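One letter stands for each residue in the lines below.
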Amino acid sequence: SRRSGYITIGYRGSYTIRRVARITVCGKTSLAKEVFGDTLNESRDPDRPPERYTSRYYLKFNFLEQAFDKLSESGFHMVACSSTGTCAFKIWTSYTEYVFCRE
Amino acid sequence: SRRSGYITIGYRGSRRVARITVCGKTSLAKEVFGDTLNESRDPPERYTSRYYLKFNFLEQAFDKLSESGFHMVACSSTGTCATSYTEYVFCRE
Amino acid sequence: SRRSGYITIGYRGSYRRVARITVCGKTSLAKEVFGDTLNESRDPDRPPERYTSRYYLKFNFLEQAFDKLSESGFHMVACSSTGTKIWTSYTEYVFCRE
Amino acid sequence: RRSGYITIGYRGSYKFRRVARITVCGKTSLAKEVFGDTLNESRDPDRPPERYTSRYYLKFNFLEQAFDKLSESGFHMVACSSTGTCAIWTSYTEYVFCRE
Amino acid sequence: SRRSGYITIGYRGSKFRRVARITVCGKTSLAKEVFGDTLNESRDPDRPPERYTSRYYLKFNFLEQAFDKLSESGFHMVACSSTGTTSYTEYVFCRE
């Protein structure tokens, strides 16, 4: 409870009438670092103080469930999930986010 | 974590978090967010759907709800191509 | 519990603008929860054990409906939304009292 | 009582909800336990108890009546999702139930 | 628990429901423990248990049969999302 809070995992996918390019991490930087350690890629947002938030971290691996398993090992649980679709000329893409919480 | 009710967190995206809206009992929202809350509407009603937050990190809003004993119980989003609107429902028992 | 059951709350939006909050479920549960804030005009004088999909509420704050459900011991167990210069949407929030 | 999942499907059309068919998917013995004679097996008849179906439906049209019967048999809603089909406007929503 | 983790079940969709292929994503040891011989590892074969995959799929067609097997191994459904224009729906399962 002293280090409670939220981490959101994001994933951009595409379907043609799973393939991963980048798993994004949003939340307080100290929490994301505790959970993911050196798998965290902070290049898009470097050198932030621990009590600041980020929406631009991402992970050095490409399996979604691999991110979820690490969150579970740190006592975070999935509490929500949403997805939004898009149509294009055929390919259709979507961004999915998975909200995790530690009590 | 004293008096029960719902607070809904919303934002419209294209992540770029333009503005985080707060809906619910006005007294509950002020308990949770204090001066991070700009009301921006002129007397106040018991319920609002037009409060919004000064900061732009969604998880920072979620974390403050957690500190007051609110839990996320649902979320939904809708989009049409030309953006999207996402909503997160919190509840304190 | 003997008075257990589901109530679904819905509303049509456009892009928050809430025109009307709909209420679906067994009528006696809806009446227990919302009392005089319930508008039964589109399905009046129903027996307490029959189901309706046509009640709505006389207020337009969604969280006020959620708060009343909580006061009667109902909890939100699911949520879904369907989308389409203005696009409309329907969102429903499923509540359950066990 | 044996564990399992039952999914409830609802073809909707769009303030009120469009009265339509409520479909039931899962192991047939579970669906029959839950719904009894409100279950319509005419599109998948004479199935053995341990086989699965995705073609049962209910003889009433109120979704919450189906949710209530699931609750009476100890099933709980664990997920839901809908698909928007723009063309009025029709959507399909499914509600996943689980008895552990 | 020692063998805790996530398995995500997917189906590409378009009496109504028609499901062709049920995809399985997660750690390969977990997918194998849950699904055994019903699992199709041909698309991603010769994989060590501690590695992850997004290319397994199931030999049967009933989504609830996949859900029931997950339950039998102590996995629970924690989230669900769908997107479409045809549709793709995924069900996230977790064993603590």
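Provided above is the structure to which this section pertains.
Residues numbered from 1 in each chain as written, not as in the entry; some residues may be left out. Chains lettered and ligands numbered in written order. Heavy atoms only, no water. Residues with missing side-chain atoms left out of burial classes, pairs and counts.

## With respect to the overall build of chain A
Along the backbone of chain A there are 2 helices and 6 strands. Start at the N end of chain A and walk to the C end: the helices and strands fall as β-β-α-β-β-α-β-β. The C-alpha atoms of chain A give a radius of gyration of 14 Å, which matches the 13 Å a tight globule of 103 residues would have. The C-alpha extent of chain A, read off along each of the three principal axes, is 50 × 30 × 20 Å. (Helix = DSSP H or I, 4+ residues; strand = E, 2+ residues; numbered from the N terminus. Rg over C-alpha atoms; globule rule 2.2 N^0.38 Å.)

## A closer look at the interface of chain B and chain A
Between chain B and chain A, the contact holds 16 residues from the first and 20 residues from the second. A combined buried area of about 1,600 Å² lies between chain B and chain A, and 56% of that area is made up of carbon and sulfur atoms. Counting the surface chain B buries against chain A, the share from its top three residues, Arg15, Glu59 and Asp63 of chain B, is 34%. Between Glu97 of chain A and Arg15 of chain B there is a salt bridge, with its nearest N and O atoms 3.6 Å apart. Linking chain B to chain A there are 5 residue pairs in polar contact. Sorting the residues of the side of chain B that touches chain A by element identifies α2 (58–67), β5 (71–79) and β6 (84–92) of chain B as the ones contributing at least two each. Of all the elements, α2 of chain B adds the most residues to the side of chain B that touches chain A, at 5 residues. Of the residues in the side of chain B that touches chain A, the class split is 7 nonpolar, 6 polar and 3 charged. (Contact = heavy atoms within 4.5 Å. Buried area = accessible area lost by both parts, 1.4 Å probe. Salt bridge = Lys/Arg side-chain N within 4 Å of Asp/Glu carboxyl O. Polar contact = N/O pair within 3.5 Å; in protein donor to acceptor, adjacent residues only side chain to side chain. Nonpolar A, V, L, I, M, F, W, Y, C, P; charged D, E, K, R; others polar.)

## Points about the sheet that holds β6 of chain B
Overall, antiparallel pairing links the 6 strands, which are arranged β3-β4-β2-β1-β6-β5 (chain B) in an open sheet. Looking at which strands have only one partner, the edges of the open sheet turn out to be β3 (37–38) and β5 of chain B. Of the pairings in the sheet, the one linking β5 of chain B to β6 of chain B comprises 8 bridges and is antiparallel in character. Counterpart to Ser76 of chain B in the pairing with β6 of chain B is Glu87 of chain B. Sitting on the sheet, α2 of chain B touches β1 (5–13), β2 (20–25), β4 (47–53), β5 and β6 of chain B, and the angle it makes with β1 of chain B is about 175 degrees. Most of the contacts of helix α2 (residues 62–71) of chain C go to β1 of chain B, to which it runs at about 145 degrees, and overall it touches β1, β2, β4 and β6 of chain B. (Pairing = 2+ DSSP bridges. Axes fitted to C-alpha atoms, helices over the stretch in contact; angles between N-to-C directions.)

## Description of the interface of chain E and chain A
Chain E puts 24 residues into the contact, and the matching count from chain A is 22 residues. Buried area between chain E and chain A, both sides added, is near 2,000 Å², and the carbon and sulfur share of it is 59%. Remark: the boundary between chain E and chain A carries 1 salt bridge. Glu90 of chain E serves as the salt-bridge partner of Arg18 of chain A, at 3.6 Å between the closest nitrogen and oxygen.

## Some words on α2 of chain B
Among the 10 residues that make up α2 of chain B, 7 are buried, leaving the element largely enclosed by the rest of the structure. Just past α2 of chain B, the residue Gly69 of chain B takes up positive phi, approximately 90 degrees. (Buried < 20%, exposed > 50% of the residue type's maximum accessible area, 1.4 Å probe, protein only.)

## Remarks on the side chain of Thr83 of chain E
Relative to the helices and strands, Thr83 of chain E resides in strand β5 (residues 76–84). One polar contact links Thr83 of chain E to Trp92 of chain A, side chain to side chain, over a distance of 3.2 Å.

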